[PDB]
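Accompanying notes for the structure given below.
Cβ atoms come from the backbone with ideal geometry, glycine included; neighbour counts cover every protein chain shown. What follows is calculated from the coordinates using simple rules that are stated; it is not laboratory data.
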Amino acid sequence: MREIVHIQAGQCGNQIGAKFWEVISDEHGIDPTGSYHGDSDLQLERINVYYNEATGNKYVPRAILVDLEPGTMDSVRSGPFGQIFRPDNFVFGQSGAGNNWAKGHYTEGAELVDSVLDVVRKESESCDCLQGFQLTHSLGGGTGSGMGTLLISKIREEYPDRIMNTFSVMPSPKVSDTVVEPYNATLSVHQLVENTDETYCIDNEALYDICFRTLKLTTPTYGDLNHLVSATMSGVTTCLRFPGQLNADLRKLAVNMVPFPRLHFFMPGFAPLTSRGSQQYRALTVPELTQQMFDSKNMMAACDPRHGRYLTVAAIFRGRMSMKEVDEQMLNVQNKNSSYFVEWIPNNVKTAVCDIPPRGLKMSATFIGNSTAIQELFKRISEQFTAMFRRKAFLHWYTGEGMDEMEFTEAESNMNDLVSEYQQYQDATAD
Amino acid sequence: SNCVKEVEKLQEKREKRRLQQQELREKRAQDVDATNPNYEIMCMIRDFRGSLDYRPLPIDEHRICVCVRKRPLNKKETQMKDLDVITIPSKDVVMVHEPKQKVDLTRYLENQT
Amino acid sequence: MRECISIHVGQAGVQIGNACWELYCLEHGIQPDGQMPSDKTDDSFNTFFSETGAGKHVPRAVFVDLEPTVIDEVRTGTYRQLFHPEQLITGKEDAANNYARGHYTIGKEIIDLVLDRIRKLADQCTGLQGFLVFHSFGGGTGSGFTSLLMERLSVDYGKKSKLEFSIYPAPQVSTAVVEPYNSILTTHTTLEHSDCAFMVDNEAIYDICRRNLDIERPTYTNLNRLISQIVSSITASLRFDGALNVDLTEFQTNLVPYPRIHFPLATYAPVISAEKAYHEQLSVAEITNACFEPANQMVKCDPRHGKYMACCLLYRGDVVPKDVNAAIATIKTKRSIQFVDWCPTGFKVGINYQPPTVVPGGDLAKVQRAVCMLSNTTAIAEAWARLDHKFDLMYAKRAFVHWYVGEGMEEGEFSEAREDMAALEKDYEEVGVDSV
Ligand SMILES: Nc1nc2c(ncn2[C@@H]2O[C@H](COP(=O)(O)OP(=O)(O)OP(=O)(O)O)[C@@H](O)[C@H]2O)c(=O)[nH]1
Ligand SMILES: Nc1nc2c(ncn2[C@@H]2O[C@H](COP(=O)(O)OP(=O)(O)O)[C@@H](O)[C@H]2O)c(=O)[nH]1
Ligand SMILES: [Mg+2]
Ligand SMILES: [Mg+2]
């Protein structure tokens, strides 16, 4: 178990992917040209996980950038770190997507996917022991959602002995690029249920909340949300990016966090809630960290855990701090709200500690949660969707691209079923 | 040996059943005559056409002997697979199967008699 | 690029086309000779214009009229040098307010070079989006040859988009009695092809230049200039590219909920006399208020007694996103604006940052910030029923049919096209029902 091959698709997926590579490239100590300049060896103990090793003391992101827009890659290259990417790993088309899933998954997308697969195979042949594949995309768009789900299918079928990992982002009525976001999202979930082992659900609406209310940014621009996404992703991958027995690789972490085949939808949690370029007049303690990162105000999905019981939790504390204080505080949070945890999974709340804290932050608290509260997300979509699917509105923009009306009902049904599954396992007892 | 799962099993078994009630159409929406852009319209007519014609004809007094003839399709309409949309079950009834489409693309049949 | 191609048919479509490319050259900054000071001989405007060799920036437009008197003004006017001459295609005998002479007798012999020339434009491009067709619903040329021309463009260019700019006829400047017939016909044949048809009530334009410009008998000139300004608002989101404007094909998707329901009522914000001077600029909130008054509307109808299915606002000039959001708050609940139970009541906004350049001596008072709303409302069906009445008296007695049949067409095509019209009206009904 070693290398992770990374992919990013769509406008949103490529933007937030760029920002994520900025983050971890700054943590580990990598410059926009690719040389290593850090002042710690722990940074390079597990550096191969996300980096090809190139001649000339360089470091290349083992990543693959996919879009059907032209201009997104332009915004990448002339971006800050756009020099480091091995140019053969750029793959993009010229048609566009139009926030149309069907276009991304059957037509204009299918005329580029084999060319993506050849670059994926070029990075997987120079691998030694490939772990799995990490994916980021939008679910409300056309490129990342459609072509993304396509890639997930063909890659998980080309190597089914490896891991499939996705960071999907939601449609938000408070952001809303279009009004077929429910459809795109619905189908993409229908794929993600049977296709992926892990899905870190970022909710665009939740991020609009955390920006407008907690951070008080009155007109949230897209980059504003992409900062919260970047922080979340940097945190959850700490287990994989630094020496740690707990959650050393994708397979381990997945086996610890996933007790049921379908239910692999994780509510992430970050603390403290930080704006861009803001001072820390009084950096948080340990009790304050643990108290916030389980509070609903710090959640990446627009859901309340005071309504849903956690099945598993992977908590990660970054920055040097008292380990005894950590264990104690975690015990506190667990057995003070034990009526909000499943007891039929003993010791289900694992915790790993890191020493190099995030950029600028002295201490942080990154939280992954397999919650039965995540259904509050689906039931939003599965309502948003149904309202339009009843009189079959906006269907000609997909059936006109060559799909089947039953492919939608398989999706809505599969989703309502995933929610009934979540509630079912919520009402579980010790009999 | 628990419950709760049982209510989830009842689910998991039905989802597969639904899958077969979809994987039935597909390889059974193939078979022999199974194409041409009017495939849905044809399957509509076929599920019509037969399975019918219990009632027969008691008319009125006219001022003109009005009669109608239907000719069969020829090589041109068959090679480029056109569809037959006229039927006559009794020597007294001309049926047209006007292929209509609602606003929402649902194909239906206006059965003028 | 992501190119487009404009097409202008008939007296109306050609004259309004000249006003449109007039305004295009003014806003984007080109002189009648086709030269631009700023360009390097791949930008947001290189979708509507192509660069030649000597920086002689030349449109991507084909002009057609069956009687060359209306296009000869192009080759005599200030823009005679502007055009590649091969795409100013003309006939000889005008269609004479007869649809059938467009669709069958006269158009057949010219369509093939029309499309070899449109072809000659299409091979210039690297990734063409769709065609913009400008014509009138009335005159024979613009109805017939557009119905056929689209019937052909769907063969040669199936994957591409097709946007109509349509001119509903006003009785005041109507040059024929048989305008309903032509309109119903070209709508019937053009429907299954066209993707989105922006309709222009000439009656409404006349009333606009009666109220806000205070012209007693406005010429065809005034009307073409006004309509041109609105079209420039619509296309502006295609011809510019800030980080705050999206493609017209991006939110074309949200305007058309059903294949046959693709007629968005438009609405244009500040319309004030440059003569009647002394004027305070309007806030974003005030023009967003005006975007809902049937005065500042494009088609003669009443959306207050009708339901909405979408809404777009294309702002141009000085507009901050927060100004838009606040105005949208003031409008949202404070008015009786209704959506169908199957549609999110959301707005998407295209903020374009170029101001609205009006015309030298053009009685449009220049302004700093403007908005053009595209509302797909069910009350637009009014404009169809105003047709089918003026029709269903004449066709009740088959008066005037003998001409159209006398140039090739059958009768049953009339009963069919009309029946299809009534079907469309009942579809604009079926949109309004709910559920439980
Ligand atoms: N807004 C506007 N409408 C026009 C103009 N010219 C004609 N129309 C409208 O078009 C209708 C008559 O059709 P025309 O476009 O004049 O006729 P045509 O397209 O040249 O076809 P032919 O006359 O047969 O050559 C009338 O009802 C007018 O209202 C124009 O310049 N501006
Ligand atoms: N966080 C974030 N979300 C975005 C961004 N851009 C778009 N989105 C969301 O993603 C969806 C649009 O998907 P997009 O990637 O733009 O379409 P695509 O190019 O076809 O993949 C919408 O629901 C938006 O709310 C962004 O920069 N950041
Ligand atoms: Mg895109
Ligand atoms: Mg003419």
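Couple of notes before you dig in:
- Cβ-derived FRET efficiency at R0 22 Å, residue A:153 paired with residue B:21, nearest 0.05: 0.45
- Residue exposure sequence - A:187, A:284, A:331 - by fewest surrounding Cβ within 10 Å: A:331, A:284, A:187
- Applying the criteria of a DSSP loop state and at most 13 other Cβ atoms within 10 Å to the trypsin sites (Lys or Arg not before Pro) of segment C:248-316 yields C:276.
- Charge dipole magnitude, Cβ of K and R +1, D and E -1 - segment A:312-395, Cα centre, debye nearest 20: 520
- Average projected area [Cα convex hull, segment B:1-81], square nanometres: 12.1
- Loop-located trypsin sites (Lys or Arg not before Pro) across segment C:128-216 with a Cβ neighbour count of 11 or fewer within 10 Å are C:159, with loop assigned by DSSP.
- In straight-distance terms, cross-link reach from residue A:336 covers every one of the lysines whose alpha-carbon lies under 22 Å from its own, apart from those fewer than eight places away in the same chain; here that gives A:297, A:324, A:350.
- Using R0 = 60 Å, the C-beta based FRET efficiency linking residue B:109 and residue A:328 works out to 0.25.
- Rounded to the nearest 500, the helix-only mean residue ellipticity at 222 nm of chain A stands at -11500 deg cm²/dmol, with each DSSP H run of n ≥ 4 adding -39,500 (n - 2.57).
- Exposure proxy order (Cβ contacts within 10 Å, fewest to most) of A:420, C:143, C:415: C:415, A:420, C:143
- Selected from C:371, C:263, C:9, residue furthest toward positive end of dipole (chain C; charges at beta carbon): C:371
- 15 Å cut-off, amide nitrogen to a point 7 angstrom out along residue C:399 Cα→Cβ, residues in segment C:141-179: C:176-179
- Range of Cα positions in the protein assembly as shown per principal axis (Å), largest first: 100, 80, 56
- In segment A:245-339, the trypsin sites (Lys or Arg not before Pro) that fall in loop regions by DSSP, at most 13 other Cβ within 10 Å: A:276, A:282, A:320
- With the simple model of a label 7 Å out from the Cα in the direction of the Cβ, residue C:435 to residue C:243 spans 3.8 nm.
- Candidate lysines - alpha carbon under 22 Å from residue C:322, same-chain residues fewer than 8 apart omitted: A:174, A:216, C:332, C:334, C:348
- Dipole in debye (nearest 20) - segment A:260-373, about Cα centre, beta carbon charges: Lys, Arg +1; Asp, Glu -1: 320
- Student exercise, chain A dipole from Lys, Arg, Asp, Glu Cβ charges, in Debye to nearest 20: 1160
- Between residue A:161 and residue B:53, the modelled labels are 6.3 nm apart [label points 7 Å from Cα along Cα→Cβ].
- Projecting the Cα atoms of C:28, C:187, C:237 onto the charge dipole of segment C:1-264, computed from C-beta unit charges around the Cα centre, puts C:187 farthest toward the positive end.
- Segment C:263-288 versus segment A:42-74: alpha-carbon centroid distance in Å: 52
- Using a Förster distance of 22 Å, the FRET efficiency for residue C:422-residue B:84 (Cβ separation, nearest 0.05): 0.20
- Eligible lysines near residue B:13 by straight Cα distance, threshold 18 Å, same-chain separation 8 or greater: B:5
- Summing +1 for each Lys or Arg and -1 for each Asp or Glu among the other residues whose beta-carbon sits under 13 angstrom from that of residue A:244 gives +2.
- Listed residue pairs exceeding 22 Å between alpha carbons, taken from B:76/C:160; A:392/C:426; A:122/A:154: B:76/C:160
- Site pair residue C:275 and residue C:172 shows an inter-label distance of 1.5 nm when each label is modelled 7 Å from Cα along Cα→Cβ.
- J(HN,Hα) series, segment C:250-259, from Karplus relation 6.51 cos²θ - 1.76 cosθ + 1.60, nearest Hz, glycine and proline x: 5, 9, 4, 4, 8, 8, 10, x, 9, x
- Total formal charge among the other residues, if their Cβ is under 11 angstrom from that of residue C:201, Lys/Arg +1 and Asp/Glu -1: -1
- Segment A:182-240 versus segment C:48-98: alpha-carbon centroid distance in Å: 52
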